[PDB]
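Please read the structure below before turning to the comments.
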Amino acid sequence: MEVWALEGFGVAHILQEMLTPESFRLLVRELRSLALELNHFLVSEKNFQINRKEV
Amino acid sequence: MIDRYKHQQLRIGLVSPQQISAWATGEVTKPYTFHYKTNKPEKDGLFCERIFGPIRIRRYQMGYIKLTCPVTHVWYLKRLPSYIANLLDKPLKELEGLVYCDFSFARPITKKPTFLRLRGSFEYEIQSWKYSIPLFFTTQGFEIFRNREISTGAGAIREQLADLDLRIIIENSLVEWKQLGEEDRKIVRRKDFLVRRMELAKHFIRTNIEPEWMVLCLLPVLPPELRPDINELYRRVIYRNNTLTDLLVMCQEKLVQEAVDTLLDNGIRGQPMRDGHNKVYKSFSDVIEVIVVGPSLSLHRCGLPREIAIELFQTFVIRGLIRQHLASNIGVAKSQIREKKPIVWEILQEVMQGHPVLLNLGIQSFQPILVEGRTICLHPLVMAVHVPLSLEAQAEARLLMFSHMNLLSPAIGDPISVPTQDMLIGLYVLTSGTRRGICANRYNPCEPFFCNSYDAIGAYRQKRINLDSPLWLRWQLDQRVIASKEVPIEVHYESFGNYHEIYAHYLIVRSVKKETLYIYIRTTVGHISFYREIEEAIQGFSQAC
Amino acid sequence: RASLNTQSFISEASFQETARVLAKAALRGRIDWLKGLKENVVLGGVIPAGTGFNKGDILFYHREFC
Amino acid sequence: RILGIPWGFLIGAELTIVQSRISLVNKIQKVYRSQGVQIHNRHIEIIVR
Amino acid sequence: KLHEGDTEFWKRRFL
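Okay, structure coming up:
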């Protein structure tokens, strides 16, 4: 409910501080134990090149 | 304007055996956790330092188990509706016995030559297949083509998946779907089966996911730091898998397959595996699934104790000591805070000023002030305390979350901080005017005049009048008194031209000769006090801003 | 039922029936473009709303000799 | 049975959806207004959408 | 008689 209240105010940077990533990096490894891979890709809006984030 | 485009995506997909190996390289081959004598991680065990790292990389480094026999992934076989059964168009009953019962499937493949007229699932064993055929072709020559006429276990399923022609599935499903259309609870059910099968086939074609990856050849291993239940399940899988490779049987393959099912998703077969203390093992599927009132405080402020404030703002107090050269470095700045050197509290007041904190409209932002005592002091119209660190977070707290730009609730637009309880009775008693009628006079009747409101209030302070005693107030503004819209009770009209209009709450003096218009209001100092409080609040704020 | 038929498998998997959601999405290589709020909360990024919305020598040495 | 292709389904869906939205909002607001709870129809219409 | 694609006919029956 605290996350919802912060989102309702639109305080995006306060929410980021209060959440921080180890929570997501640990999630990827547990999904890997089930033979699933979760890759995070960034597509550049300038040259359309895809970057695989180090997760 | 042009949007600031941001294109980010994440995808999940089934993982190839090659990708599983690429994660680890790294093979765990021993069921040992830790040595009893040296208390060191066993070599090539679940905690091997050559596989996972020395005792931060142990939180992220994967390993893998090389299965002697392939095992189906329990997600895609048993969770109804089954994906493997739907893709192969075989009932899960006839396909589950190929995994957990003593059955065998004939003609698993169709892309290589065969010379036997066997087909389908054989619950028993072929009699001639046991002695005559292996003898006729010799055992060494028989093993080459043995797993092409009839196979068993999860490996037989993987051969069927790998040899599937996904484009043939789409055309066969479509023609069968239309044939049922030209022709009651089974026809509809069979149509839904065909649509799911052709939908499933299409997704494999346009993606890089291979359907044979639903049968696991390698088993990825969680990093040790995430498993400081799961360890016992891993040892159980390793133990039986090492036993099976020593024999090289079908009963042992079931033990390996069942153990992997327990590791991946327990509670899918019936009675789940339980340990000696009667506890059901948790698989990975289970894993993934004081305040004191302060009435003098402002609406935007709060009071923090020294003991709480110094911990919340310790980083800023240290920087303030170093900046003003009261402490040489970080180490000295800590000792002064430890020893309660009085210069610490002067710095604490400085760094707290202008730095809002979040208190958890359940969470709001207030400007903290140091208060005496040991308790947190909140204003009467309102435990976790958060201190924003970055300037972006401090800007949001001051400009978006403060208790004065959120005076209206979003539900219907009502005010939030309306006075209540003791605040409300004080206003009610203050504005409850004079007694009237039979409550004011014992008998049927068949008051001071004040030039301005300050004289009336001054007479009240000198105990000359009571809070609810009626009085007449000379009024030198416009007629702005909320009252019943009524004609005068009485008009007293002098023959020289002046007339007095007596209303229920005010008297108006007018004339037919002059333009005079004098207003006297019958009120109490309580009503005057309430009007003055709001008016002086508005005037005071305007002058200060 | 509407919350389990969204455009983000991350939101569905963190709401209810995580194993069923992830098994189906993984088999088809489902892509989440992270347009919503809870999607980015899980990833620990900046939500696309509020303050996060919309990405937040000549003439020298050439003088008169005189 | 009355209208043809992309008109029977199109108009039929509009009538059902418009009727459903009117009744859903009324039913929700009937509960809160009987309890004295005032909520703007904006918030309920967002959920019902 | 079939009337598929005849918008004017369906407009008349809609009225």
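Chains as they are written, first to last, in PDB author numbering: chain A, 990 to 1009, 1038 to 1072; chain B, 1 to 25, 35 to 64, 98 to 225, 234 to 278, 291 to 310, 321 to 361, 383 to 453, 461 to 482, 495 to 558, 578 to 676; chain C, 1276 to 1331, 1360 to 1369; chain D, 1178 to 1226; chain E, 602 to 616. The beta-carbon is built from N, C-alpha and C at its ideal position, and this holds for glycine as well.
Alpha-carbon spacing of residue i relative to residue j, whole angstroms
i	j	result
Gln533(B)	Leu501(B)	38 Å
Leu542(B)	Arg653(B)	16 Å
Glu1222(D)	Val1202(D)	7 Å
residue 572(B)	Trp171(B)	Residue numbering in chain B breaks between 558 and 578, and residue 572(B) falls inside that break, so it has no position here.
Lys616(B)	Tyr662(B)	21 Å
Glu218(B)	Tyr102(B)	49 Å
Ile524(B)	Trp1308(C)	34 Å
residue 679(B)	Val499(B)	The structure shown does not extend to residue 679(B), since chain B spans only 1 to 676, so no value can be given for it.
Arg399(B)	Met513(B)	24 Å
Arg641(B)	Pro480(B)	49 Å
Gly606(E)	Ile1179(D)	14 Å
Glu361(B)	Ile192(B)	39 Å
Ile1361(C)	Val1045(A)	59 Å
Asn1068(A)	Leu10(B)	11 Å
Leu602(B)	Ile650(B)	13 Å
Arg149(B)	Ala331(B)	28 Å
residue 1353(C)	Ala1300(C)	Not modelled: residue 1353(C), which lies between 1331 and 1360, the two residues flanking a gap in chain C.
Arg159(B)	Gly105(B)	44 Å
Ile1199(D)	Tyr1209(D)	16 Å
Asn128(B)	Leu1055(A)	25 Å
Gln467(B)	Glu991(A)	20 Å
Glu136(B)	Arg161(B)	13 Å
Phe1041(A)	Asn1218(D)	38 Å
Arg235(B)	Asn304(B)	48 Å
Paired residues, beta bridge with residue i - DSSP
i	result
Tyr649(B)	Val640(B)
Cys477(B)	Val385(B) and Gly396(B)
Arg605(B)	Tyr651(B)
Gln464(B)	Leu452(B)
residue 1035(A)	Note on chain A: numbering goes from 1009 to 1038 directly, and residue 1035(A) within that interval has no coordinates.
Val352(B)	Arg346(B)
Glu632(B)	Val622(B) and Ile639(B)
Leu520(B)	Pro527(B)
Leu470(B)	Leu397(B)
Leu1059(A)	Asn1068(A) and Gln8(B)
Nearest-angstrom beta carbon gap, residue j and residue i [assumed within contact, 8 Å]
i	j	result
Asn1315(C)	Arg4(B)	Not confirmed; about 15 Å, so no contact.
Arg190(B)	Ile126(B)	With 8 Å as the limit, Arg190(B) and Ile126(B) do not qualify as a contact, their Cβ atoms being about 21 Å apart.
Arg302(B)	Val328(B)	5 Å
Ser600(B)	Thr655(B)	7 Å
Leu539(B)	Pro527(B)	Wrong, their Cβ atoms sit about 15 Å apart, outside the cutoff.
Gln464(B)	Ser515(B)	6 Å
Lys252(B)	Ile212(B)	7 Å
Boundaries of the beta strand (DSSP E) in which residue i is found, first to last residue
i	result
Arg1069(A)	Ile1067 to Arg1069
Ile12(B)	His7 to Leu14
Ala148(B)	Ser146 to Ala148
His623(B)	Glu621 to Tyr624
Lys252(B)	Careful: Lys252(B) lies outside any beta strand (DSSP E), inside the alpha helix (DSSP H) at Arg235 to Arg256.
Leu268(B)	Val265 to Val271
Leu109(B)	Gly105 to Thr114
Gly162(B)	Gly162 to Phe164
Near the ligand FMN: residue i beta-carbon under 7 Å from a heavy atom
i	result
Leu309(B)	Of the ligands one can find in the structure shown there are none, so the ligand FMN has no counterpart to examine.
The alpha helix (DSSP H) enclosing residue i, as first and last residue numbers
i	result
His1220(D)	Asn1218 to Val1225
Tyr125(B)	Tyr125 to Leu130
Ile64(B)	Unbroken run through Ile64(B): none, as it is neither H nor E.
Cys323(B)	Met322 to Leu336
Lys220(B)	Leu208 to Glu224
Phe998(A)	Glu991 to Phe998
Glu609(E)	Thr608 to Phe615
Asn189(B)	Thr181 to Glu191
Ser1040(A)	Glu1039 to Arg1049
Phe672(B)	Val656 to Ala675
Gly538(B)	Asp534 to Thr543
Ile1194(D)	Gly1185 to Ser1211
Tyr45(B)	Neither: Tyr45(B) is in no alpha helix (DSSP H) and is coded neither H nor E.
(request) Check each residue of the segment 1294-1317 of chain C: if its Cβ is closer than 8 Å to any Cβ of chain B, include it; give the result in chain order. (result) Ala1294, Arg1295, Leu1297, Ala1298, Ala1300, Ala1301, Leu1302, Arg1303, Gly1304, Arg1305, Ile1306, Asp1307, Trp1308 and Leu1309
(request) Using a Cβ-Cβ cut-off of less than 7 Å, give me the residues of the segment 505-525 of chain B that come near chain A, in sequence order. (result) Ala505, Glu508, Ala509, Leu512 and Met513
(message) Which residues of the segment 234-255 of chain B have a Cβ closer than 7 Å to any Cβ of chain C? Give them in chain order.
(response) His253
(request) Name, going along the chain, the residues of the segment 99-122 of chain B whose beta-carbon falls closer than 8 Å to a beta-carbon of chain C. (result) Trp117, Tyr118 and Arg121
(request) Report the residues of the segment 1047-1058 of chain A with a CB closer than 8 Å to any CB of chain B, ordered along the chain. (result) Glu1047, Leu1048, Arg1049, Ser1050, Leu1051, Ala1052, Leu1053, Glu1054, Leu1055, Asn1056, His1057 and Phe1058
(message) Output needed in chain order: residues of the segment 1207-1225 of chain D with a Cβ under 7 Å from some Cβ in chain B.
(response) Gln1215, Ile1216 and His1217
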